[PDB]
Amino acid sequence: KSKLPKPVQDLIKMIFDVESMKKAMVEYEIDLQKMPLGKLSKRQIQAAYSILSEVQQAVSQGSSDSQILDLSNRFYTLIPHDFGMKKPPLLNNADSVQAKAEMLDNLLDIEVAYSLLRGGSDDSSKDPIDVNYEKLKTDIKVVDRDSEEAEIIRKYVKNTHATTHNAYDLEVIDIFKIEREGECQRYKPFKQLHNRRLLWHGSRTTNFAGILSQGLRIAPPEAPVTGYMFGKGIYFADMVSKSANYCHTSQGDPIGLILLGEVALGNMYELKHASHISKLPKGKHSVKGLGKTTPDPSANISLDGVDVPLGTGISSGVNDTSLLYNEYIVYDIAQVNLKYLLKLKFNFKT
């Protein structure tokens, strides 16, 4: 029987739940009879990305629906979807491509989680929670509710929930301090870079075994760059609710997970509209998508030398931007050092 704290055991059970992984695949209309969890492979997902790149190439060149049918059909051949005996929906536009690129990104984290469960050893005498905990290669500790870092974290959640995301409110259940093995060593060239901020990153519960195991990752080279607003990087927010929307929680599953990561932003390349970049301009270390609203710059505080933008939302003074709130993107996985993992309860008001 496991000696790990009860909040840590509940976290492990939640992230390694096979029925939740199957639920996420049904949500994507994937045919689990033709392609179950065990037959999902990096090779097949990578080939599907390549077909999405071929589709996006035809859409950008104004191909007719009849011309694009063969390309669209090719994607469904690689990633079988459950449409019975009907024709699947045609992928003939940028939005369709982006939705499928986003699904494949999630499939990559789910495959990692399922591969951890299948690729080890079987020992009945050990508690499965302890066995699964060791597969993450991440030290997970419970942060004390009355500590200084907990109070700062709770303030960041309390102050940065946007008014436009008022369909739910958030309650912090557990705060975990996380240390992925080798990540601090990887982060060394960036540990003293200017503009290091503690930013949010939300994701579905089914991604967290992959995130703790492999870290935050960038979409593979096979993925279409146009499927991502600011190209293929790792995306963060300074407003808790902007990241909490990426948990995809609901009334029927109101518990979500969100990361706090130290991100070395350095010289930010400030943008107001989509830019499907492959590389940053010389001397730039990240992209900052300028939002209309920003956490009050005067209320920024420091947590272990890292700036925490926990001020309440005010006008940034930025006009003509497609973003309501800020977003930060890095294009090198080494620029991220995950610090905390929060378990949140979403209370829906709808």
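Think of the rigid core as the biggest set of C-alphas that the two forms share within 1.5 Å after superposition. Residue numbers run from 1 along the displayed sequence.
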property	result
In 5 other deposited structures of this protein, rigid core aligned: more displaced of 23 to 31 and 65 to 73 by C-alpha RMS	65 to 73
Stretch with greater C-alpha deviation in 5 other deposited structures of this protein, 304 to 312 versus 54 to 62 (rigid core superposition)	54 to 62
Higher-B stretch (mean Cα B-factor, as the entry records it), 320 to 328 or 298 to 306	298 to 306
Stretch exceeding the other in mean C-alpha B-factor - 120 to 128, 151 to 159	120 to 128
Peak C-alpha temperature factor (PDB record), options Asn245, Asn93, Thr206, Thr164	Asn93
Among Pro88, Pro189, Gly210, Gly231 - the residue whose C-alpha B-factor is largest in the record	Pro88
Ranked C-alpha temperature factor of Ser278 among modelled chain residues, by third	highest
Record-listed C-alpha B factor of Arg145: chain third	highest
Chain thirds of CA B-factor: placement of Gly311	middle
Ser286 CA temperature factor, ranked by third within the chain	lowest
Position of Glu183 among the chain's modelled residues by C-alpha B-factor, lowest, middle or highest third	highest
